[PDB]
Amino acid sequence: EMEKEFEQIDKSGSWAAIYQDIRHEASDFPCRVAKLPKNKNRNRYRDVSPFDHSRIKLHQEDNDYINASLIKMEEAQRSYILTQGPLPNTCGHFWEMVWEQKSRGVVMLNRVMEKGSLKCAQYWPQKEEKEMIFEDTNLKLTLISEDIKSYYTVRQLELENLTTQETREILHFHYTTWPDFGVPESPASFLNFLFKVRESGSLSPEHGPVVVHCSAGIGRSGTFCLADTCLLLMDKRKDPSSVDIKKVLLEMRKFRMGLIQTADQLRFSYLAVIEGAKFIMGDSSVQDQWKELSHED
Ligand SMILES: NCc1ccc(NC(=O)C(=O)O)cc1
Ligand SMILES: [Mg+2]
């Protein structure tokens, strides 16, 4: 199992090598359209692209490209869209994806500024009064409310198709205390956050796939999905032992490159899943322990 494996890797200090095998075994698929000249300003990082086979296509004549991938987890029956943080020129496309993909939730795992640089455009309105309009995609976005907690913030937004005057409620779950290439403060705050997302219905199959992003859409986003999928599988067969994390991760990496960016992010994934297993297997009290230990208020 994973807990025994976790200790075996730990007490030998071999996470770097376990993580490197994963890196070495990971799928390599082509990213032809990401690399087209006409798409250079649509990509935040040169070395982070969506595979053609799993990329999300914008529904438009002109240019249907966005740096976003559908990760479709067959056995788990969960899909996620992983994407880079929007660029000043792709905030319209981003909100277009969300509309067309019928997404209910957006999980943001980074801050707009980290380490003195700009990791993501300010793609949602910070004030109720000052809604945003995306003229290129004919979408309007309004802040309806927010709930600021100590290390994450939840917002309600209303997205309007200005063409059909049709509106939707989107939930924005914003984790504000996770350093790029880092890990969360502890399993508890991460898990408390994950279960907040779940409790919202954002991950439910009656909606389009959740949009998950960090700066690149792979390190912190990969960590989130991996843990979520792993806990889901464990829940579905109520068998902690049947779940092989490394194998789930390799499965996810068929759909987008680079998922989990450091060995420590891998170790943390193990950690989060092992701790989340408690709740899955019938210990309802741990959720309240996570809320306390997270120091939410
Ligand atoms: N080195 C390219 C590169 C740049 C940024 C990232 N960030 C993330 O995955 C993240 O936001 O966690 C990952 C890879
Ligand atoms: Mg105000």
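When a residue number appears, it is its place in the shown sequence, counting from 1. Note that these values count all heavy atoms, side chains included, but never hydrogens, waters or copies made by symmetry. In listed order, ligands and their atoms are each counted from 1.
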Checklist entry - Apart from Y65 itself, what residues make up its hydrophobic cluster when side-chain heavy atoms of I, L, V, M, F, W and Y under 4.5 Å apart count as a link, directly or indirectly? => result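 The other cluster members (ILVMFWY side chains, heavy atoms under 4.5 Å, direct or chained) are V33, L36.
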Item to check | Whichever hydrophobic residues join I148 through chains of side-chain contacts under 4.5 Å | outcome: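 Once heavy-atom contacts under 4.5 Å are chained together, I148 still belongs with nothing else.
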Item to check | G217 backbone acceptor or donor facing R256 side chain under 3.5 Å | outcome: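 Checked: pair present.
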Checklist entry - What N/O/S atom of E129 gets nearest to the Mg ion (ligand 2)? => result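 The Mg ion (ligand 2) is closest to the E129 atom OE2, counting only N, O or S.
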I'd like a table of the close N/O pairs between ligand 1 and the protein (anything under 3.5 Å), one pair per line with both atom names and the distance.
| residue | atom | partner | partner atom | Å |
| --- | --- | --- | --- | --- |
| ligand 1 | 1 (N) | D47 | OD2 | 3.3 |
| ligand 1 | 7 (N) | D180 | OD1 | 3.2 |
| ligand 1 | 9 (O) | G219 | N | 2.8 |
| ligand 1 | 11 (O) | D180 | OD1 | 3.4 |
| ligand 1 | 11 (O) | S215 | N | 2.9 |
| ligand 1 | 11 (O) | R220 | NH2 | 3.0 |
| ligand 1 | 12 (O) | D180 | OD1 | 3.2 |
| ligand 1 | 12 (O) | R220 | N | 3.2 |
| ligand 1 | 12 (O) | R220 | NE | 3.0 |

Checklist outcome for this item: side chain to side chain donor-acceptor pair (under 3.5 Å) filter on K196, not counting sequence neighbours, yields none
Next on the checklist: Is the terminal nitrogen or CZ of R267 (NZ for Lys, CZ for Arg) located under 6.0 angstrom from the six-membered ring centre of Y270 and within 45° of that ring's axis?
Outcome noted: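 No, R267 does not sit over the ring of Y270.
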Item to check | Pair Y45-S215, side-chain donor/acceptor within less than 3.5 Å | outcome: yes
